[PDB]
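Right, one structure below, let's go through it.
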2 protein chains.
Amino acid sequence: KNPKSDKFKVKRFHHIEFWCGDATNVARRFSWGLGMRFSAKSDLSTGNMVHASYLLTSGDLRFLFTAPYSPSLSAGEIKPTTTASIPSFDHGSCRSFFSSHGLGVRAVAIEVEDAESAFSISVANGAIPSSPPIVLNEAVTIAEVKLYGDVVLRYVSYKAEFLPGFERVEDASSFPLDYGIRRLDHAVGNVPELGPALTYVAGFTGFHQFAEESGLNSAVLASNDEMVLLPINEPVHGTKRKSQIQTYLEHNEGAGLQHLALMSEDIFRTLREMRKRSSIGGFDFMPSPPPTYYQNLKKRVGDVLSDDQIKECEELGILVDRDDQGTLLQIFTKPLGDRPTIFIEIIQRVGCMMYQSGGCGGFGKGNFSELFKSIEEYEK
Amino acid sequence: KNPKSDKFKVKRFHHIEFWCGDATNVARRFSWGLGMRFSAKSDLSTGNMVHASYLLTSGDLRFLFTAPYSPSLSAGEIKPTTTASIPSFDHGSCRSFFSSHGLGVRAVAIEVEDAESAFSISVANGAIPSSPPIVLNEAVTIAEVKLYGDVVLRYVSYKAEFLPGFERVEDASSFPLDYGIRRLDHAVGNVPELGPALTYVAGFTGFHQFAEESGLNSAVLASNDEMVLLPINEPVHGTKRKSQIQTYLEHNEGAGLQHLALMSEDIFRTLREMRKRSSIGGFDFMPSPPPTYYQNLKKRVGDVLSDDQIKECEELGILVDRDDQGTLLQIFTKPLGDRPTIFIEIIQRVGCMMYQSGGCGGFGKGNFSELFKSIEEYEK
Ligand SMILES: Cc1c(C(=O)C2=C(O)CCCC2=O)ccc2c1c(=O)n(CCCc1ccccc1)c(=O)n2C
Ligand SMILES: Cc1c(C(=O)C2=C(O)CCCC2=O)ccc2c1c(=O)n(CCCc1ccccc1)c(=O)n2C
Ligand SMILES: [Co+2]
Ligand SMILES: [Co+2]
């Protein structure tokens with residue numbers, strides 16, 4: 001049952017913005033590790049005396065990396081006279097965010113038909129304002145409201161290239177890397193209490209709960225066409241193994257974005273390319289499941305994957321689960337930075353063709369039981 | 001005239017420590033861009049609840065990357081009970097340093113015979129204490145005094161593997177990258193006033209001035225065997241082109257480390273390997289000199305370099321200058337991070353063999369005039 005109760009019209013995920021200490025070094029690491037191209041910049045070379053912001057792209061996926069300059073560079077400025085290309089940026093907010101949480105996602109940005117209306121409707125329906133709507137160069141409107149912890153849901157709307165004031169990067173600096181990642185599938189938050197978080201967000205968006213003992217309870221909020229998916233996790237305290245959600249909240253200093261799930265058009269090639277680079281500047285992956293997990297894969301997905309495609313999953317460490325509607329291939333990186341907080345999931349879905357409907361195959365929660373069983377069975 | 005007036009005994013450069021927001025992402029970028037191996041770590045996996053520190057090595061060059069965790073992780077700790085592996089670390093000092101300067105060098109570490117004595121003698125001779133001597137595991141002594149701005153000269157001494165509490169990285173995580181960089185040749189500071197900076201540092205070290213209109217005045221302080229070299233720059237105000245030193249001080253919020261010069265055993269291979277990676281996560285280089293610069297190279301270094309070796313300099317953008325004692329090959333990267341502050345120089349020296357004596361060939365100040373002339377001559 002999808003009641004299609006969105007209180008405004010939302011199209012798709014637009015971009016994810018990381019707040020960093022040095023946007024240059026994070027963006028270069030991410031670009032090599034994930035195969036994303038340098039697409040746009042807004043910094044001193046473009047006249048921005050406030051923040052440095054570098055955009056990476058792969059397919060429709062857009063990662064923005066932003067860090068503050070010395071406030072002394074822009075001391076004569078006031079908001080009306082700002083050189084910032086993102087008007088919601090604030091030196092003090094960014095330094096406090098990064099000091100408190102370390103490297104992580106500040107904004108989950110979705111594209112809307114009209115950012116002003118979406119902001120107005122949101123706050124009228126309980127959203128806590130963060131940045132009022134601002135129209136940039138009579139071309140793009142952006143607005144922000146609180147999502148959970150210190151993360152904002154950013155609304156972006158275009159009348160008719162990323163943002164005004166950003167410049168497209170010179171080809172010489174822009175090497176056409178691509179490992180097959182194509183778009184953002186879902187973005188997941190960790191909170192101390194799931195219930196109030198769900199009521200708050202679903203309260204101001206109209207998003208509905210998407211149809212779905214290992215450290216968490218979870219639920220998924222979705223847009224009308226279920227292309228925007230926002231799962232939220234809480235910890236289950238009192239187990240024997242400590243909750244990974246609780247560990248997150250402790251090292252993150254509270255609620256925040258846990259993982260970004262990036263859809264690949266060819267997960268086998270994406271994982272081959274990322275695993276080649278794991279020890280030369282890229283991203284590490286979580287430990288692989290035992291061969292027991294893959295021997296048991298034939299009995300569950302042997303209808304969808306060949307034996308050659310299943311052993312290819314085994315050499316790459318890919319996990320597989322299944323809904324009644326589709327099949328899911330997934331794998332998780334190790335944490336993206338110093339703290340055991342944010343990580344990335346690489347994903348590709350098969351089935352539910354009509355295009356492919358969103359969430360086809362679920363989110364892989366059945367892989368918790370399958371991994372534990374496979375692990376214990378492997379031991380004995 | 002080398003009066004050999006060192007007030008204690010110093011061996012060589014030991015390591016350079018960067019203070020970062022996220023030590024993981026800076027270290028991975030540097031490792032790929034410069035060809036340095038992950039050699040040691042001190043972080044949560046080693047029991048350090050205070051800071052994350054990752055060591056990269058190439059030859060005798062050691063780069064340390066350190067960032068603070070949430071103070072909440074170590075709130076019950078006091079200095080006697082600390083889990084920090086570097087006892088001079090302080091959450092507040094590091095966050096304030098990085099907020100003020102951005103990514104840059106906190107410590108220039110030199111190896112001494114006895115760090116306690118070197119600290120005592122230094123402060124008795126005018127040095128401003130920063131961190132008193134501390135003996136780690138009855139094995140290593142470290143101490144720190146102020147050098148310029150917020151950079152410290154760190155003394156390290158070993159009775160008889162980087163530091164106690166650091167672990168050697170698992171081979172699987174440690175990919176044997178190497179582009180030919182072998183050691184730190186010199187480390188350069190930018191200050192507002194050269195005179196007082198020189199008197200202060202030479203005052204407490206006993207270092208002597210090493211034998212030597214484009215934006216700076218400079219002078220070089222050296223150890224007894226002239227293996228430790230510490231040039232210092234000041235701006236020359238009132239030119240037509242603005243001083244790069246003054247631009248540094250403005251964006252850095254005052255005095256600090258301008259560049260690190262890394263000696264290569266094969267600069268041609270180092271530059272080939274680094275230039276291959278410039279647009280895929282590595283380091284960019286300053287613009288190359290015009291062909292005019294290289295046509296004029298034959299008349300000045302045609303005795304030392306073949307025509308094949310000279311055109312190889314031309315394809316890599318390498319600069320060449322000469323003392324009366326030796327010849328210098330050098331090239332400069334673009335800034336290492338967001339701000340136009342710190343950069344890196346790659347260097348290789350030829351001549352003055354006895355081993356090679358330090359500073360053989362100078363520091364390339366004659367390349368300021370040669371580049372300008374070559375540039376103007378190229379135009380017309
Ligand atoms: C995150 C995830 C998902 C996932 O994507 C997902 C959502 O999209 C929405 C609904 C809830 C949810 O969980 C699916 C399966 C997963 C994991 C996962 O993290 N781990 C590793 C667990 C060890 C661990 C150690 C340390 C820190 C974190 C974790 C798994 O083993 N499985 C099977
Ligand atoms: C730094 C250097 C050295 C050098 O190493 C050195 C020392 O070791 C010690 C003594 C003084 C000194 O200068 C030598 C030659 C150099 C440069 C250099 O920076 N530039 C680029 C200038 C444009 C520029 C733009 C923006 C920001 C900075 C600079 C050059 O053109 N030349 C020829
Ligand atoms: Co997921
Ligand atoms: Co130099």
Side-chain angles (χ1 to χ4, degrees), chain B residues 2-6 10 12-13 182-189 194 198 201-202 205-211 214-234 236 258-268 270-271 286 289 292-294 296-297 300-307 309-314 316-324 326-332 345-364 366-371 374:
Chain B
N2 174 359
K4 316 210 152 163
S5 50
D6 286 7
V10 307
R12 282 204 271 202
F13 279 129
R182 285 304 177 252
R183 70 180 181 95
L184 178 66
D185 185 88
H186 58 265
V188 179
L194 176 61
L198 282 176
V201 176
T205 60
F207 288 173
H208 66 276
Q209 163 162 49
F210 186 96
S214 36
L216 63 92
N217 297 318
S218 68
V220 182
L221 291 175
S223 63
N224 275 358
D225 63 15
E226 305 187 315
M227 289 287 95
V228 167
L229 303 136
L230 298 168
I232 297 157
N233 302 317
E234 88 183 340
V236 174
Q258 184 210 37
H259 73 270
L260 303 161
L262 321 187
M263 186 176 263
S264 172
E265 56 143 36
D266 178 4
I267 188 164
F268 289 145
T270 299
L271 261 285
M286 291 294 265
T292 306
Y293 179 88
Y294 295 103
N296 304 347
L297 257 191
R300 315 150 36 211
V301 201
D303 41 292
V304 181
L305 285 180
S306 93
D307 300 4
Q309 293 152 5
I310 279 171
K311 63 91 192 158
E312 179 139 24
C313 290
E314 179 178 56
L316 299 175
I318 294 183
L319 310 162
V320 184
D321 205 339
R322 213 144 55 126
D323 269 16
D324 43 52
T327 296
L328 174 43
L329 316 155
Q330 64 186 164
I331 190 165
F332 303 100
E345 169 188 8
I346 307 298
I347 183 150
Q348 188 168 17
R349 310 182 170 272
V350 307
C352 321
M353 310 279 326
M354 312 225 316
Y355 64 65
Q356 186 174 248
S357 77
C360 167
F363 301 85
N367 264 325
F368 280 113
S369 147
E370 291 334 279
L371 193 34
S374 100

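Hydrogens, waters and symmetry mates are skipped; everything else that's a heavy atom, side chains included, is used. So you know, we letter chains A, B, ... as the sequences are listed, proteins then strands, and number each from 1.
Pairs of residues two or more places apart, or lying in two chains, never qualify as salt bridge (charged side-chain N to carboxylate O under 4.0 Å, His left out) while including a residue from residues 215-225 of chain B. Sequence neighbours left out, the pairs with a member in residues 347-363 of chain B that pass salt bridge (charged side-chain N to carboxylate O under 4.0 Å, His left out) are B:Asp185-B:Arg349.
For the atom pair NZ (B:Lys311) and CG (B:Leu316), the distance works out to 8.5 Å, reported to the nearest 0.5 Å. With rounding to the nearest 0.5 Å, the separation of CD in B:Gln348 from CZ in B:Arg182 is 10.5 Å. From B:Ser264, atom OG reaches atom CG of B:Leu271 across 8.0 Å, with rounding to the nearest 0.5 Å. If you take CG on B:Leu319 and CG on B:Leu371, they are separated by 6.5 Å, rounding to the nearest 0.5 Å. Atoms CG and CG, from B:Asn233 and B:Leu216 in turn, are 5.0 Å apart once rounded to the nearest 0.5 Å. Put simply, NZ on B:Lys4 and NE2 on B:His208 are 8.5 Å apart, with the number rounded to the nearest 0.5 Å.
Nearest heavy atoms, B:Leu194 versus B:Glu234: N-OE1, 2.7 Å. Of all heavy-atom pairs between B:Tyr294 and B:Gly317, the closest is OH-C, 3.1 Å. B:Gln330 and B:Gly364 make their closest contact through OE1-CA, 3.5 Å (heavy atoms, listed as atom of the first residue, atom of the second, distance). Nearest heavy-atom pair, B:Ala187 versus B:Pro231, reported as atom, atom and distance to 0.1 Å: O-CD, 3.6 Å. Of all heavy-atom pairs spanning B:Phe210 and B:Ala222, the tightest one is CD1-CB, 4.1 Å. Heavy-atom minimum distance, B:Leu229 versus B:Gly359: CD1-N, 4.0 Å.
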